[PDB]
Amino acid sequence: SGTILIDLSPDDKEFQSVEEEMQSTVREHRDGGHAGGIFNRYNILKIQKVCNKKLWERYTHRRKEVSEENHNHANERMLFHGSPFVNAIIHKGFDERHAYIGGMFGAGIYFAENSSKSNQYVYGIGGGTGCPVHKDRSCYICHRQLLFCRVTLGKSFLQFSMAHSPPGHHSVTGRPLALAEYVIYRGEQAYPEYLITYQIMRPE
Ligand SMILES: CCOc1ccc(-c2nnc([C@H]3C[C@H](NC(=O)c4ccc5ncccc5n4)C3)n2-c2ccccc2F)nc1
Ligand SMILES: [Zn+2]
């Protein structure tokens, strides 16, 4: 793998920018923290810029194609991604071939504009078994990782609660509190720009 991490200084505005987006986009969930745990804030341990030429070229190339298919606009968004496969993703890239076939929006790659949403998917679907060490979805000890990714949404189909994008579309926007999820069915419509290492913070 030709993938490379840049540790960002916490005084670095680029860090603070992602730091802020992460903290500010937290919300009260339907769950009551059953999936991602109980917290109002994160402990932000490490933000690393992911650098990989093969993956950057794969993305921009697709981004161009999509623009041409969508009135010369990529419809590019910074979105959080949670999943068990973050360590794989930063090396091999996002890969649709590992999508969960029984998602509410079919076999795609789910993003969110709310850190606290993506957080839910970190230890699997609906938080899964929780952390590997304590089997606790609300673990304040075990360090978690999210991705803050450049995502090419293109022309996004609006759905509510499938295998590819609907015809003439590049992404799906859902809203099942209604919060926004986003789905792609092609790994190269997303680049994982920042690797965020963090804990959820116990409130009091
Ligand atoms: C309420 C149900 O809601 C959701 C929300 C999000 C997702 C989701 N979104 N993305 C994923 C992951 C599959 C995709 N995986 C990769 O890009 C990838 C890339 C390289 C890999 N290499 C080795 C092994 C696995 C690898 N996986 C990201 N997943 C995902 C897929 C399978 C299991 C868990 C997941 F979160 N699925 C369902
Ligand atoms: Zn734990």
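Numbers in chain A track Swiss-Prot; the residues on display, in order, are 951-1111, 1115-1129, 1134-1161.
Header says: X-ray crystallography, 2.8 Å.
For all residues, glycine too, the Cβ spot is worked out from N, Cα and C.
As recorded in Swiss-Prot:
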type	residues	note
BINDING	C1081, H1084, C1089, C1092	Zn(2+) binding site
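Here the Cβ of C1092 (Zn(2+) binding site) has 15 other Cβ atoms within 10 Å, regardless of which shown protein chain they belong to.
The Cβ of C1081 (Zn(2+) binding site) has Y1073, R1087, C1089, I1091, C1092 as same-chain neighbours under 8 Å, each 6 or more residues away in sequence.
Residues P1129 and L1134 bracket an unmodelled region of 4 residues, and their Cα atoms lie at a distance of 8 Å.
Under a cutoff of 8 A between CB atoms, and with a sequence separation of 6+ in the same chain, the neighbours of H1084 (Zn(2+) binding site) are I1091, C1092. Classification of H1084 (Zn(2+) binding site) by DSSP places it in coil, neither helical nor stranded. A break of 3 residues separates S1111 from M1115 in the model, with a C-alpha distance of 12 angstrom spanning it. Close to the recorded Zn(2+) site, the chain also has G1080, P1082, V1083, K1085, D1086, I1091: residues not among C1081, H1084, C1089, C1092 whose Cβ is within 8 Å of the site's Cβ mean position.
Following the DSSP three-state reduction, the secondary structure of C1089 (Zn(2+) binding site) is coil.
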